[PDB]
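Report on one structure; see the data block that follows.
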Amino acid sequence: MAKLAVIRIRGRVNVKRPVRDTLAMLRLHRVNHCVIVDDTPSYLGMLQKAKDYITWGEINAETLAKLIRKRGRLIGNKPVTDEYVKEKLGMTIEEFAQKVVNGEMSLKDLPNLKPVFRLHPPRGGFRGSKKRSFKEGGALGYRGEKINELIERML
Amino acid sequence: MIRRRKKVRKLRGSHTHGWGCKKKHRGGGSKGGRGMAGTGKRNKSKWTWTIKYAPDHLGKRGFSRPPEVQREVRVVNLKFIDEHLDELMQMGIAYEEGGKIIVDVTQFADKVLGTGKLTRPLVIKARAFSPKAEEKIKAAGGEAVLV
Amino acid sequence: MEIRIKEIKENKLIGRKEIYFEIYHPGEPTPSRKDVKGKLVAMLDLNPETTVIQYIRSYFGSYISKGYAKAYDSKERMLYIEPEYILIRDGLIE
Amino acid sequence: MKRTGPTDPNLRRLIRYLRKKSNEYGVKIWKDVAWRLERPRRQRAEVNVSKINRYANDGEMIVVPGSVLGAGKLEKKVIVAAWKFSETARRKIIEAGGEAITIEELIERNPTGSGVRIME
Amino acid sequence: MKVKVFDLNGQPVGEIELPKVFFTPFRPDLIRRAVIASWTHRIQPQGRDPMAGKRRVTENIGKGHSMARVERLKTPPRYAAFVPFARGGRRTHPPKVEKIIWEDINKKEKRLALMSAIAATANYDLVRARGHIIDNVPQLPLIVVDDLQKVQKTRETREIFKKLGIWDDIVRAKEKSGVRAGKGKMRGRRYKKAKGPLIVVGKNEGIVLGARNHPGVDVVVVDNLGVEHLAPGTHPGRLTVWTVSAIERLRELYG
Amino acid sequence: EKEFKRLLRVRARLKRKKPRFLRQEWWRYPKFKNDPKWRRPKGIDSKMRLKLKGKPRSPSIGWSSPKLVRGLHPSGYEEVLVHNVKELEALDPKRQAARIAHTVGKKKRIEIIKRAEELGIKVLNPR
RNA sequence: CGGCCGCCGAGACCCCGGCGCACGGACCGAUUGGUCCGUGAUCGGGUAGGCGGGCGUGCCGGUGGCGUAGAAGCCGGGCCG
RNA sequence: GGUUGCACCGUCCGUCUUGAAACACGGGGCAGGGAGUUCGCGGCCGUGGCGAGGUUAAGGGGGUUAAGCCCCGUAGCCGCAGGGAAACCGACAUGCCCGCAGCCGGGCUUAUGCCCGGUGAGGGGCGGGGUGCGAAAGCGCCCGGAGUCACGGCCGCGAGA
């Protein structure tokens, strides 16, 4: 199915306990940490609430590859590179990405990588501002593939 | 061992020193009246109390016995006697009649109650017996003699 | 790790050597008796079951530790002036 | 320790012996015997000898993390190992049971944790 | 376990069986509770004067003059009563004669504590920590023949120790360990020696009339032995020198 | 040899230093004491407790040192206070350095220094 | 006012090293405690208050030390926490 | 390290307070003194001895320079059966079923570890029981042996507290 990357721009401050907790349920706590969520109606729903607090949108395979590589890690100093993915399971990092993209497997299944990626600020900063939605030209909410830009600046 | 000042501290310099607002530490008013005061109060005072069942009601009703009219008795279960039988060596043992052991309860002077089982035949002499105590002694193959 | 015998007393009345260890452990665990035990057997050239190690302390993270052992001629005599508690802790029996 | 934890040296040392056993032989039971000791004083066993008689058939190894307390029949061939016994308890167990033995000699009986039942 | 009995020529003769008490588990925690208990019992009360602050009347100096409403005295403005802030004022919570001074410890518990301190002596590790330096290592604790008790002269009991190799411990006890730090010395308990061996006898009264002389040496019989003597300040492992009848009567442990 | 990790932390300690954490404003009143003495600003009112800037830092645990490095003298070594010749014994000259107590006389001090240098233990004083 | 582009600009967030806490694992002790390793993105503001560890003061006891070739105390400096 | 210039930031302290830099209250400065204490009683907690019992108090023998400790006294208190105002009566050292820990068995991963079946002290849920009310029924309270004493401290109340 479609996979989305969700990042929380807005802090814990001024959040409802229901939204703030939803974000924790998204496996998103803090600022600038990003998550992989599948599109299911039940799954979709959390982000719908979250919308004001968060930026979401469906990512490209290429951009996804750059994020898994630098940022990803369950634990340990060790980075998630081709070799490390390879011992996990599957042939290589490319296949592993194609499989995530298909939604055939997940990070968890493959254990020793986390559902949360601690991502970077976007350089050149938040993409429009925390004030307003994607339509309004601000960073928040569902985005296009143009999410690529926000996360690349994030790494 | 805990130094109270060590907790009070010069520490906490709370200075309130585990009391709260400064205004609070004072006289009888924090307490709600002295002692048991306020239990009785119809008015708010203590009603409810630092008692679990709260406070039980007032009017001790019912009457007094003269101390004289109370015979004391001293109750002992058959279970106690039965377990102790070997320890009871001082008290006679008669295999032939009397059950296995002849025990005058009266070494501990008492009324004998029924709880427990009886592993041996006993001939028990006592001031009083319950009917449950009678059935178990007889079932064991023993007998009960009333003084 | 590395252990050196720092200070030596000898009581020949009861026929042992008594020894003090100054242990150097550099980012590695506070030593069990056993790890000291195999290394000590190599220095002394005496059996492991005769050589009885007791009392250890452990400083503030600086990498010196102290401990004591006693090395015995005869194996009746690790049970004349030395009680149950040490011996069981070594694992000599069982 | 900070709240619950033996001040008695003999008791604290026995717990440390217990840990080594758990590791070296790889059985779970001794560590269970450590957690029961670890409890507070009014949570450690108070075992009656007619409670011993009533539970678990002959020739099994009873481990008690408290005291065995006599007065009561005990017609079972069970062997009791325990942290303390009454004077009275020691006699019932040593006349009917497999034996009365200390818990620091329980190593010598059973160091591996086969056939054991914890009882309290 | 047997321990050699020794003649008074400082040589062994025979070996005799050791009583139960000496096997008993080492338990400093029990001894500590016991030692504490004996000390508090031999404390003499302490107070402060109870009529003070009634000899100083105290009157209130009012308001309207930009000072506190806290009481002074009539004519001088000085120290008063019903104050803790003032010079001369009450202390706040003076010592009472109702102050704690006993700590019970069960008769069962005390005997077990006694057993625990005697057992500690058999051990080498406690014995060197306690500070006794022993030249006669396999002889922990040392039992000597019955003749020793009858000796009650300082010169005679002295000689015998040098031959046994246990005079060396007294040499330790000579070193001063009670010229204390602190002003409290003045009142008493200064310029005094330190502890050394404990001698247990069976007979020749409740003490030996020549062995109270020797430095750090405290004498007792088995019908008076207490934790304080056996392991003072909660430090057991204090060397003992036993008498054959004393070991026998202790065998019979009772309470 | 001695370690790299220990150097790493020793350099951190030098570099890092510490502020002062002498008690809140102290210059202002001479009463407010003498050149040691932190006490935490217990006051509500406080700017230093409010943690407004410029009102010095108040202590937090965050400020500490690496354990391995805490208590290390400025040449890297480990202090042992030494009263006498006997105290010198079991002192690792490579790891530890001795400080002869101020209390100690020239009469003991001559014996202490001369034996401590034969053990290879760095001393300090004289003579 | 309606668009847009490049920048500036927090203790946030990322990143190296360190520190405490919590939890697991191991070891050490005669008790309390300590140490070594691992995990923590989802541990680290703080008044009332609750808890937990350390420090200091006076004297007592045991133990083990120091002092006229210079104690305590006082004043300035050096080092550690 | 002293002092000072320069950059940057900073409207005391404590207390009252919803809000204190305050035109709210208190303080010249410094030194010293200065505030969670004792007994009884109850409710907790940790720890220790002993054990269905447990502990002595009062005391006098004894020992000691004195004294503590030692051993001796066991009165009394609480616990060991409860219910009922009282009269007065008087109970499960186990019949049934779950199941934590552990033990036992099979399968599985390189290992720890895991999934599933017995056995299950401790624990949980029934039944039958005691007694009181009761024509009766139905509830109330109780029922298959753990407590006592000791030590420190938290907390309540009475005491100036």
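Please note that chains go A, B, ... in the order of the structure tokens, that every chain numbers its residues from 1, and that ligands are numbered from 1 in the order shown.
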
Within 12 Å of residue 40 (chain H) using only C-alpha atoms (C1' of nucleotides), minus same-chain residues under 3 positions, as a ChimeraX atom specification: /E:98 /H:157-159

Those same residues, written as a PDB file, in the first residue's frame with N, CA, C and O atoms (P, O5', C5', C4', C3', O3' and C1' of nucleotides)?
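As a result, selection_2.pdb now contains:
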ATOM      1  N   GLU E  98      13.705  11.782  82.299  1.00  0.00           N
ATOM      2  CA  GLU E  98      12.811  10.750  81.787  1.00  0.00           C
ATOM      3  C   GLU E  98      13.322  10.194  80.515  1.00  0.00           C
ATOM      4  O   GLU E  98      12.734   9.263  80.040  1.00  0.00           O
TER       5      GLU E  98
ATOM      6  P     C H 157      -3.051  15.212  65.895  1.00  0.00           P
ATOM      7  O5'   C H 157      -3.459  14.684  67.352  1.00  0.00           O
ATOM      8  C5'   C H 157      -4.810  14.299  67.668  1.00  0.00           C
ATOM      9  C4'   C H 157      -4.956  13.743  69.059  1.00  0.00           C
ATOM     10  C3'   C H 157      -4.333  14.409  70.287  1.00  0.00           C
ATOM     11  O3'   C H 157      -5.094  15.527  70.714  1.00  0.00           O
ATOM     12  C1'   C H 157      -3.585  12.202  70.421  1.00  0.00           C
ATOM     13  P     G H 158      -4.298  16.697  71.498  1.00  0.00           P
ATOM     14  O5'   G H 158      -4.253  16.225  72.945  1.00  0.00           O
ATOM     15  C5'   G H 158      -5.379  15.876  73.761  1.00  0.00           C
ATOM     16  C4'   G H 158      -4.765  15.209  75.074  1.00  0.00           C
ATOM     17  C3'   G H 158      -3.668  16.094  75.704  1.00  0.00           C
ATOM     18  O3'   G H 158      -4.295  17.092  76.511  1.00  0.00           O
ATOM     19  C1'   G H 158      -2.794  14.125  75.572  1.00  0.00           C
ATOM     20  P     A H 159      -4.077  18.641  76.143  1.00  0.00           P
ATOM     21  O5'   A H 159      -3.239  19.178  77.375  1.00  0.00           O
ATOM     22  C5'   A H 159      -1.919  19.641  77.282  1.00  0.00           C
ATOM     23  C4'   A H 159      -1.100  18.734  78.143  1.00  0.00           C
ATOM     24  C3'   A H 159       0.370  19.292  78.306  1.00  0.00           C
ATOM     25  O3'   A H 159       0.377  20.246  79.351  1.00  0.00           O
ATOM     26  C1'   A H 159       0.301  16.881  77.680  1.00  0.00           C
TER      27        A H 159
END

Residue 78 (chain D) environment, 12 Å, only C-alpha atoms (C1' of nucleotides), sequence neighbours closer than 6 positions dropped, as a list in words: residues 49, 52, 53, 54, 55, 56, 57, 58, 59, 60, 61, 62, 63, 92, 93, 94, 95, 96, 97, 98, 99, 100, 101, 115, 116, 117 and 119 of chain D

Residue contacts of residue 6 (chain F) (9 Å, only C-alpha atoms (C1' of nucleotides)) excluding same-chain residues fewer than 4 positions away, as a PyMOL selection string: chain F and resi 2+10-11+68-69+76

In region 52-154 of chain A, DSSP strand (DSSP E or B) residues written as a list in words: residues 54, 55, 56, 57, 58, 116, 117, 118, 133, 140, 141 and 142 of chain A

Interface list for chain G, partner chain C, 9 Å threshold, only C-alpha atoms (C1' of nucleotides), as a PyMOL selection string: chain G and resi 26-29+34-37

Report as a JSON list (two decimals) with N, CA, C and O atoms, in the first residue's frame the set of chain B residues whose atoms approach chain G to within 9 Å, with distances computed over only C-alpha atoms (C1' of nucleotides).
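Ended up saving to out26.json:
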[["chain", "number", "residue", "atom", "x", "y", "z"],
["B", 18, "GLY", "N", 7.92, 20.31, 56.73],
["B", 18, "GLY", "CA", 6.93, 19.30, 56.44],
["B", 18, "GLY", "C", 5.57, 19.64, 57.05],
["B", 18, "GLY", "O", 4.78, 18.73, 57.42],
["B", 19, "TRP", "N", 5.26, 20.94, 57.18],
["B", 19, "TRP", "CA", 3.97, 21.43, 57.64],
["B", 19, "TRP", "C", 3.15, 22.17, 56.56],
["B", 19, "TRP", "O", 1.94, 22.30, 56.75],
["B", 20, "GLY", "N", 3.74, 22.77, 55.47],
["B", 20, "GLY", "CA", 2.89, 23.46, 54.51],
["B", 20, "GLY", "C", 3.05, 24.92, 54.51],
["B", 20, "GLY", "O", 4.15, 25.42, 54.63],
["B", 21, "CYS", "N", 1.88, 25.59, 54.41],
["B", 21, "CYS", "CA", 1.86, 27.06, 54.55],
["B", 21, "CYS", "C", 2.31, 27.36, 55.96],
["B", 21, "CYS", "O", 2.03, 26.59, 56.89]]

Exercise: residue 6 (chain G) partners within 12 Å, only C-alpha atoms (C1' of nucleotides), chain neighbours under 2 positions left out, as a PyMOL selection string: (chain A and resi 124) or (chain G and resi 4+8)

Interatomic distance (Å, one decimal) between CA of residue 134 (chain A) and CA of residue 53 (chain A):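 Taking CA of residue 134 (chain A) and CA of residue 53 (chain A), their separation equals 12.3 Å.
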
Non-local contacts of residue 83 (chain F) (12 Å; only C-alpha atoms (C1' of nucleotides); under 3 positions in same chain excluded) as a ChimeraX atom specification: /F:80,86-89,98-105,108-109,111-113,123 /G:65-67

How about saving the chosen residues, C-alpha atoms (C1' of nucleotides) kept, as a PDB file, in the first residue's frame?
ATOM      1  CA  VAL F  80      46.609   9.585  49.965  1.00  0.00           C
ATOM      2  CA  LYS F  86      53.869   3.535  58.192  1.00  0.00           C
ATOM      3  CA  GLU F  87      51.086   5.161  56.140  1.00  0.00           C
ATOM      4  CA  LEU F  88      53.537   5.129  53.176  1.00  0.00           C
ATOM      5  CA  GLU F  89      53.361   1.355  52.992  1.00  0.00           C
ATOM      6  CA  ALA F  98      51.403  11.341  49.054  1.00  0.00           C
ATOM      7  CA  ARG F  99      50.629  14.542  50.904  1.00  0.00           C
ATOM      8  CA  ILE F 100      52.290  14.840  54.220  1.00  0.00           C
ATOM      9  CA  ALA F 101      49.764  16.280  56.655  1.00  0.00           C
ATOM     10  CA  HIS F 102      50.438  19.889  57.732  1.00  0.00           C
ATOM     11  CA  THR F 103      50.421  18.697  61.339  1.00  0.00           C
ATOM     12  CA  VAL F 104      53.634  16.619  60.757  1.00  0.00           C
ATOM     13  CA  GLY F 105      56.970  17.894  62.140  1.00  0.00           C
ATOM     14  CA  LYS F 108      59.119  12.819  61.166  1.00  0.00           C
ATOM     15  CA  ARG F 109      59.144  14.710  57.852  1.00  0.00           C
ATOM     16  CA  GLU F 111      62.217  10.266  57.624  1.00  0.00           C
ATOM     17  CA  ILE F 112      59.010  10.317  55.580  1.00  0.00           C
ATOM     18  CA  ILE F 113      60.430  12.157  52.570  1.00  0.00           C
ATOM     19  CA  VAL F 123      56.050  13.716  48.205  1.00  0.00           C
TER      20      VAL F 123
ATOM     21  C1'   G G  65      47.185   7.371  64.464  1.00  0.00           C
ATOM     22  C1'   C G  66      49.462  12.493  65.287  1.00  0.00           C
ATOM     23  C1'   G G  67      52.154  16.626  68.508  1.00  0.00           C
TER      24        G G  67
END

Which of region 102-211 of chain E fall in alpha helix (DSSP H), as a ChimeraX atom specification: /E:107-120,124-130,154-164,168-174

Long-range neighbours of residue 13 (chain F) as a PyMOL selection string, 10 Å cut-off, only C-alpha atoms (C1' of nucleotides), 3 positions minimum in chain: (chain F and resi 7-10+16-18+64-66+69-70) or (chain G and resi 18)

One-decimal distance in Å that lies between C1' of residue 69 (chain H) and CA of residue 102 (chain E): 12.8 Å
